[PDB]
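Those sequence lines, one after another, are chains D and V.
When we follow the UniProt record's numbering, the leftmost residue of the first sequence carries the number 51, and every step to the right adds one.
When we follow the UniProt record's numbering, the leftmost residue of the second sequence carries the number 438, and every step to the right adds one.
Beta carbons are placed, not taken as given, at the ideal position from N, Cα and C, and that holds for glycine.
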Amino acid sequence: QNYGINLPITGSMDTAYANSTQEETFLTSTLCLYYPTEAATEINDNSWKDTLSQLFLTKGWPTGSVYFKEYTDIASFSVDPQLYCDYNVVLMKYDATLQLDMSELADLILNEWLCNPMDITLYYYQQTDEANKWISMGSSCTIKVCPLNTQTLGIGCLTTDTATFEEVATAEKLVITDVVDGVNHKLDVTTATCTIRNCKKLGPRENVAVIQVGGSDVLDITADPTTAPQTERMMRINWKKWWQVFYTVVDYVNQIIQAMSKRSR
Amino acid sequence: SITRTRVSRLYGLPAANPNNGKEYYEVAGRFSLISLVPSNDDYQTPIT
Ligand SMILES: *[C@@H]1O[C@H](CO)[C@@H](O)[C@H](O)[C@H]1NC(C)=O
Ligand SMILES: [Ca+2]
Ligand SMILES: [Ca+2]
Ligand SMILES: [Ca+2]
């Protein structure tokens, strides 16, 4: 059990495919859904959770392995999302005005970020690679940046007059900022109501699954404007009600969990 | 009025002794004003 190390693995091509770990992973794992308040609002039923649980019970998932966790709105969810389960599903409504925020949410939860803190009053920060971004959470973040030159002086901005800084956010609950990698930036931030963290995007999180409910696929996880990929756990649906959506999820929960895979870290 | 004269119940401030013993008449309040004051904030200073 050599943890903290990475060793060469080996195998063969003559070994046969083993049994189906389904009907056991459901029992020794847990499934957490994240629905919006609009769903329960439209529904207007108190026993819909027990109903979906008794339905899951047919697919194999036992009674107390399923969890439902409401969220009033996509931004309130983006505010410190704490996903601690063994299989997470996230039903996400589409709004053309919220596109960037509901893509930042995806880039935050679908992936696994290694996040170090940040202190703006003392230091001036720079990015090193293309995956070392700055994610800001809080209730209203107003972020301004002033890049510096080789000799610690601004570029189109002054290091005293914060009004001359360059604005990238304006009262956003979640922000993910990428800047030019190789230049030191001086920052202004609403530290009182927002925390900023310098995070490196590691390999992806195979434990969550986003399901867009409405419009066409728009989520550009990769900040670089060349890939625009569609990952396997990035699902779309077209909706007019919510019971049909929940029945679809329950009937196709095995494909979802096949698209997902228990975490590594 | 002026006793011993026909000038009675006239309305107005007579300029004989307007102060009436008081050191000064005072009025308090606030007031806001717009101006075109100069500033740079903070340009035109040396580059360093
Ligand atoms: C593997 O699957 C086969 C076919 O269902 C079954 O007969 C066998 O018992 C399974 N292996 C074990 C160890 O149960
Ligand atoms: Ca946002
Ligand atoms: Ca970058
Ligand atoms: Ca400027």
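Residue environment for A221 of chain D: exposed (fewer than 16 other C-beta atoms within 10 angstroms of its C-beta). A residue is listed when its beta-carbon falls short of 6 Å from at least one non-hydrogen atom of ligand 4; in chain order these are D:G206, D:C207, D:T214 and D:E216. Pairing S190 of chain D with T147 of chain D gives a Cβ-Cβ distance that is not under 8 Å.
Contact between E216 of chain D and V239 of chain D is absent: CB atoms are separated by about 13 Å, not below the 8 Å threshold.
Secondary-structure assignment with DSSP links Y121 of chain D through a beta bridge to D:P86. For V225 of chain D, the closest C-alpha among the options D:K183, D:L198, D:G206 and D:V295 is that of D:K183. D270 of chain D has its Cβ no nearer than 7 Å to any heavy atom of ligand 3. Setting aside the 5 residues that flank it on each side, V230 of chain D is surrounded in the same chain by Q177 and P197, each with a C-beta closer than 8 Å to its C-beta; the list follows chain order. By the Cβ test, the stretch 152-163 of chain D is not in contact with the stretch 207-215 of chain D, since fewer than three Cβ pairs between them sit closer than 8 Å.
With respect to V258 of chain D, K109 of chain D sits apart: the two C-beta atoms are not nearer than 8 Å. Remark: the shortest separation between the CB of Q177 of chain D and any heavy atom of ligand 3 falls under 7 Å. For the pair of segments examined, the stretch 76-96 of chain D was found to touch the stretch 121-136 of chain D: the number of CB pairs separated by less than 8 Å reaches three. Taking a 10 Å sphere around the C-beta of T227 of chain D, we find 16 or more other C-beta atoms and assign the residue as buried.
Less than 8 Å separates the beta-carbon of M285 of chain D from that of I261 of chain D. At a cut-off of 8 Å between beta-carbon atoms, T200 of chain D makes no contact with chain V.
The contact set of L252 of chain D on chain V, defined by CB atoms closer than 7 Å, is empty, because the minimum CB distance reaches about 41 Å. The beta carbon of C207 of chain D lies closer than 7 Å to those of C196, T214, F215 and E216 in the same chain, with the five residues before and after it left out. In this chain, the alpha helix (DSSP H) harbouring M152 of chain D covers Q149 to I159.
For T227 of chain D, no CB of chain V lies under 8 Å from its own CB, so it is not counted at the interface with that chain.
In this model, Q132 of chain D and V233 of chain D are separated by some 32 Å (Cα to Cα).
With respect to the C-alpha of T245 of chain D, the residue from D:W292, D:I185 and D:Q51 having the closest C-alpha is D:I185.
DSSP places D238 of chain D in the strand class (E or B) of the three-state scheme.
Between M187 of chain D and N161 of chain D, the alpha-carbon positions lie close to 16 Å from each other. Taking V116 of chain D as the centre and dropping the five residues before and after it, the same chain places the C-beta of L81, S103 and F106 closer than 6 Å to its C-beta, in chain order. Separation of the CB atoms of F118 of chain D and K99 of chain D is rounded to 5 Å, and the pair is thereby assigned contact status at 8 Å. Exclusion of the five residues before and after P279 of chain D leaves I271 and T272 as the residues of its chain whose Cβ lies within less than 7 Å of its Cβ. Chain order gives the chain V residues near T210 of chain D as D479, where near means a beta carbon separation below 8 Å. By the 16-neighbour rule on beta-carbons within 10 angstroms, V474 of chain V is exposed. Exposure of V444 of chain V is indicated by the presence of fewer than 16 other C-beta atoms within 10 angstroms of its C-beta. A straight-line Cα-Cα distance of about 10 Å links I170 of chain D and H235 of chain D. The C-alpha of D145 of chain D is placed about 29 Å away from the C-alpha of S97 of chain D.
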